[PDB]
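Only one chain is given next, in structure tokens, and it is the form deposited in one PDB entry.
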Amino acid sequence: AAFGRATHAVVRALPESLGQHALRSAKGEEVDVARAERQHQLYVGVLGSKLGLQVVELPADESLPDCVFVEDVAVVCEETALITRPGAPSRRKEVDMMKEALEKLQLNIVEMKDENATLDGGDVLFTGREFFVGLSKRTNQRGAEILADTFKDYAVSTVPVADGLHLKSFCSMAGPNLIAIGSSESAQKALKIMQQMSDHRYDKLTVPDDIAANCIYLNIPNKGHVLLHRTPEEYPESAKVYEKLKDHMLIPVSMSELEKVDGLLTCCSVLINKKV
């Protein structure tokens, strides 16, 4: 029915191999794995206990150190699940535990098994109206075409993404017809490419920190517009921009330890709307 409706959330536990062996763009501090596990169980508890989603929590795999970032292996729109082929070849066995979880929930399963196609679902921004697929180092044109043949009801457009990023490294849906966007020059150029290719005017929400533009919008029954954004302790200037949304229910979620391995808020869940 409404945009942002979900009943189910597919998540995955963190391996202890994440702190040394999961992929990171930038060079920085060592990853506290136990602090990354406590921040991820607060996130699952927002979706499961505080919002009432039905949580499938997949077990961790120590040979897959990026198995927590489950948005990259599955794109779900309505009841059709596109099982993606990820751009990193070491992450391609994370589609095995996802495919069992989404056919236990009885969705329609389309597998991206073409050997020339890559797509990360963190390059996929679903606006409710249409799809924007970021062309990056993890997602080619052939993976964007397989996403277009899977979802034939929706317009699929391509945007170039600057290097080492996903498309949702600087943007997400913060509500119906509302795109949160970072204020860097790679983020602002990509929003201008996305606004000229669409039929619709989207309302725009500029936050100063680019990683803080990744937020989770949810339409939850008997609670309304729900926005999961980053904390004021992490990013103070971008959380006061989120506090101007007085119709939204704002939940601050800390994700400070998974940000060292470029993992953001949308990357750790696949949100499913299952109907009757």
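Quick note: we count residues from 1 along the sequence shown, nothing fancier.
- As listed in the deposited structure, the average C-alpha B-factor of 246 to 254 and of 65 to 73 is greater for 246 to 254.
- Per-stretch averaging of Cα B factors for 193 to 201 and 144 to 152 places 193 to 201 on top.
- Going by the entry's values, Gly175 shows the largest Cα B-factor out of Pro89, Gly175, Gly182, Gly121.
- Annotation for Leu47, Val56, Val31, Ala213: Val31 ranks highest, by Cα B-factor.
- Sort the modelled residues of the chain by CA B factor and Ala2 lands in the highest third.
- The PDB entry assigns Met98 a C-alpha temperature factor belonging to the middle third of its chain's modelled residues.
- Among the modelled residues of the chain, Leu107 sits in the highest third by CA temperature factor in this PDB entry.
- Remark: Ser17 belongs to the middle third of its chain, ranked by C-alpha B-factor as recorded.
- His229: CA B factor lies in the lowest third for its chain, per the PDB record.
Just so it is clear, the following notes concern the form solved in complex with a small molecule, a form of the same protein that is not shown.
- Only one of the listed residues (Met255, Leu14, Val261, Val10) places a non-hydrogen atom within 4.5 angstroms of the small molecule in the deposited bound form, and that residue is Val261.
- In plain terms, the part of the chain that comes close to the small molecule in the deposited bound form, with a heavy atom within 4.5 Å, is 166 to 174 out of 190 to 198, 152 to 160, 102 to 110, 166 to 174.
- When contacts are judged by a 4.5 Å heavy atom cut-off, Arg91 counts as touching the small molecule in the deposited bound form.
- Remark: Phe69 counts among the residues lining the small molecule in the deposited bound form, judged by a heavy atom distance of 4.5 Å or less.
- The shortest heavy atom separation between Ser238 and the small molecule in the deposited bound form exceeds 4.5 Å.
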